[PDB]
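Throughout, read-outs are computed from the coordinates displayed, never taken from laboratory work. Reconstructed Cβ throughout: ideal geometry from the backbone, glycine too, with neighbour counts over all protein chains shown.
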Ligand code: HEM
Ligand code: HEM
Ligand SMILES: Cc1cc(N)nc(COc2cc(CCN3CCC3)cc(F)c2F)c1
Ligand SMILES: Cc1cc(N)nc(COc2cc(CCN3CCC3)cc(F)c2F)c1
Ligand SMILES: C[C@H](O)[C@H](O)[C@H]1CNc2nc(N)[nH]c(=O)c2N1
Ligand SMILES: C[C@H](O)[C@H](O)[C@H]1CNc2nc(N)[nH]c(=O)c2N1
Ligand SMILES: [Zn+2]
């Protein structure tokens, strides 16, 4: 048993679910790595083609978990499924997931995402099976439908599209973009940077691949899609499918003159979904923004848009010294604007108050119906107004459950070109 | 073996070798992280205390480039003599200053450690009575306050012997405000201290029952019953809170004390336990303006400030809470700065901690840090420590938590 306490309410939860974790956190009883971005490399199999005594134990575990999930442990379906996975592994060195299994696993990878504040919705995910895909064109078709379905004219809906799992390791399916919709980043001759500095490298690869950049500040980047190991290919997302929100302020009417807008759909496309030892290297998933993600990190990180400068200038704030708190004051107004713009354009968005409050309820639900809920306090607490949100005062146990979403190398570091 | 932390804003990479020198547990396991548990994981026998003393003396004589020296070996032999004869030992005045400064340096949760080497150590191990402690603590306060030009200081009382003669400051801080619950359920003063306020009142304290009553010192010497003493009001430096733009802010009637002085911790050096060691420095703005005034369990003046700010308080997404919080923290910094009372804003504080950290990696081989505590409780990502990876491990000497004395003390009078 392991108890967590909330210090605003004295609610104590008891955690047993953590007993079912397998992967090292990176911590030891002598050092805590809770603030390391990538604390561990304990993966469940060797990098590529696994042997039978390697793959099957994980497969047996997942199927066991899935059938245990639906009250059918040891049933005919369960015991045949096992024999079915054995022969597949024997005869193909891999195995294929049933549709139900794939959906269970996608959902429980989100459910186990200890960094995600949005998980109260984990059961409501739409899974798009794209395992039949064979080309970057087909990849591009699956993604456009994902984008269109998920955007739903602003009434955003969470979805994941799952492309063929990794086989030998070279025949990887990869979305080279980090998100499906990101703005481009242009290294300027005068040292500075136009657009999104996070994407300078990726923007240059696109240019290097033949992308003709319109060299603005909010240039939607092409899709760079790689299928069964081949060279990636540029596809331009139909603009009518990329919903965008112009940022304006409900009070400062000069705020719209800053010319800012952000895209409506956050869709993480460079991560790896892992289920029963299988590895889906292309699984773009999407939901809706927490407003701080755009207004705190995307606009106000130093290595990002860094618009605190401008916003505070137009607000007439003493930017001489830090003690005036001019960054804080502009930061709030930016995030107020971002929220008011998305809500005015009927585009789904949630503020950090609602979301954190939502996540407290999710934890409660999880400790009652599951015996625990893995949460990463460093990532749940929003990057502004930490202590006025309920999660700041909530103790959290962090631990690694499978299925999960894993990081993976940026493909251009590892891809032998053709 | 080495370990690397990265700053994701600057891409600076530091190599922690110091984490090897730790041997106290964090509470994390290999398969579970407890990094956000507030408190994770009678006294030392002879055999327990020998190596702890040995490790500390060894580390002391290393620090001063005297390891293996004649004085190093004689000191070791001297410490063993005492632990045999008396089942404990006594630190030298150098050792006490060195251990107290290093327990601060080793405090992973403190963002203010760039100052650790300028700690003023007051040795109070001759104290025998609560009156003696009042005297010592008053002198601490007068020295640390320095007419608003604050100075860092710890006052260290006799260590623990058998656990039945502990010195303890029952106050959590040396200056705090009282909290009184009302019949109607509301709270006058500081709701954090309601319990300790009741303990005082019960002990005979005649309370003013105002919003900012400085609490009495509840002092325990040699395991006797604690005793009440009123800090002389002229040694309590206070700052009336006003706002540089909102003339109406002074009408909130708010004030805070200028001297942060934590008194309920235990100082541990070489296996010795100093159960009473109040220490003080100066405030970071957010500790008063974010947590003291705006936690729902505390003064909860977001409510009022937003109202007078004419904010839309219906929907959260108006961020009225965020917007008012910023203004309360502007008011706090401007008030202190105006009254020339020392205060550091959270940007300057986090900046200095990154500098400190990198310096500690250069010369010491690492610097344990509790990201969950280092990040200020507001505007997290726009400070450099948010993007700073940090390794957390437990070095000794350290400051440690201990039970509240009214949970464990057994009484004497009547
Ligand atoms: C529906 C609304 C959602 C919201 C508001 C939300 C919010 C967040 C936030 C704020 C983070 C912190 C990362 C950052 O700040 O950049 C995060 C992380 C994450 N989210 Fe969610 N999320 C949502 C949906 C989803 C969905 C649909 C999935 C997958 C199916 C998902 C998977 C993840 C993962 C895997 C991580 C972090 C993984 C890691 O870094 O180890 N989220 N989320
Ligand atoms: C000189 C200026 C100082 C500043 C600005 C400062 C600031 C802080 C802050 C903001 C915290 C976080 C705690 C909270 O917010 O509740 C903290 C924790 C702490 N500080 Fe410092 N501090 C200072 C001096 C000192 C001194 C002089 C000592 C001891 C001699 C010390 C030891 C500690 C300890 C032990 C903790 C908490 C560790 C724990 O609770 O486990 N600090 N400090
Ligand atoms: C689906 C979804 C909805 C939503 N609203 N937000 C998110 C955030 O997704 C993620 C963001 C990051 C960024 C990490 N930072 C950049 C360098 C550090 C990493 C991940 F692994 C994520 F999964 C996802
Ligand atoms: C000397 C000094 C200067 C300064 N500016 N701030 C501090 C705050 O340090 C501390 C803060 C807390 C908060 C604990 N809360 C009760 C549950 C959470 C506990 C401690 F033990 C500290 F030491 C100390
Ligand atoms: C639950 C969580 O561990 C707790 O609220 C912590 C978080 N970080 C903190 N950080 C500081 N500086 N002070 C605190 O009291 C806390 N409390
Ligand atoms: C060093 C630190 O772990 C790193 O910057 C983390 C901190 N917390 C975060 N929290 C969220 N939500 N997103 C992030 O990218 C990060 N970055
Ligand atoms: Zn840990």
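A few comments on the model shown:
- The residue list A:85, A:49 contains one member that is in contact with a helix residue (DSSP H, G or I) (Cβ under 7 Å, 6 or more places away or on another chain), more than 16 Å from ligand 6 (Cβ to nearest atom) and away from chain B (no Cβ under 14 Å), which is A:85.
- Condition met for residue A:17 (under 30 Å from residue B:395 (Cα atoms) and within 13 Å of chain B (Cβ to nearest Cβ)): no
- Filtered by the rule that a residue be surrounded by fewer than 22 Cβ atoms within 10 Å (Cβ to Cβ) and touching a strand residue (DSSP E or B) at 6+ places or on another chain (Cβ under 7 Å), the stretch B:306-353 gives B:337, B:339.
- The stretch B:256-273 - residue that is closer than 11 Å to residue B:236 by Cβ and within 15 Å of the chain's Cα centre (by Cα) and, of those, nearest to ligand 2 (Cβ to nearest atom): B:261
- Of residues in the stretch A:372-412 being surrounded by fewer than 22 Cβ atoms within 10 Å (Cβ to Cβ), assigned to a helix (DSSP H, G or I) and away from ligand 3 (no atom under 16 Å from the Cβ), the one farthest from the other protein chains (Cβ to nearest Cβ): A:412
- Odd one out for residue A:96, checked against (1) part of a loop (DSSP other than H, G, I, E, B); (2) at the interface with another protein chain (Cβ under 10 Å from one of its Cβ atoms); (3) out of contact with any strand residue (DSSP E or B) (no Cβ under 6 Å at 6 or more places or on another chain): (2)
- The set of residues from the stretch A:324-371 being away from every other protein chain (no Cβ under 13 Å) and assigned to a helix (DSSP H, G or I) comprises A:359, A:360, A:361, A:362, A:364, A:365, A:366, A:367, A:368, A:369.
- Single residue of the stretch B:107-152 satisfying the filter (buried (at least 19 other Cβ atoms within 10 Å of the Cβ), within 11 Å of ligand 2 (Cβ to nearest atom) and within 13 Å of residue B:278 (Cβ to Cβ)) that is farthest from the other protein chains (Cβ to nearest Cβ): B:121
- Filtered residues of the stretch A:150-168 (kept if under 18 Å from the mean Cα position of the chain (by Cα) and either within 16 Å of ligand 6 (Cβ to nearest atom) or over 23 Å from residue A:96 (Cα atoms) (or both)): A:150, A:151, A:156, A:157, A:158
- For the stretch A:99-126, a residue qualifies if it is part of a helix (DSSP H, G or I) and within 16 Å of ligand 6 (Cβ to nearest atom), and the qualifying residues are A:110, A:119.
- Residue check for residue B:99: under 30 Å from residue A:32 (Cβ atoms), more than 9 Å from ligand 2 (Cβ to nearest atom) and crowded, with 19+ Cβ neighbours inside 10 Å: yes
- Residue match in the stretch A:54-71 (condition: on the phi > 0 side of the Ramachandran plot and loosely packed, with under 12 Cβ neighbours inside 10 Å): yes
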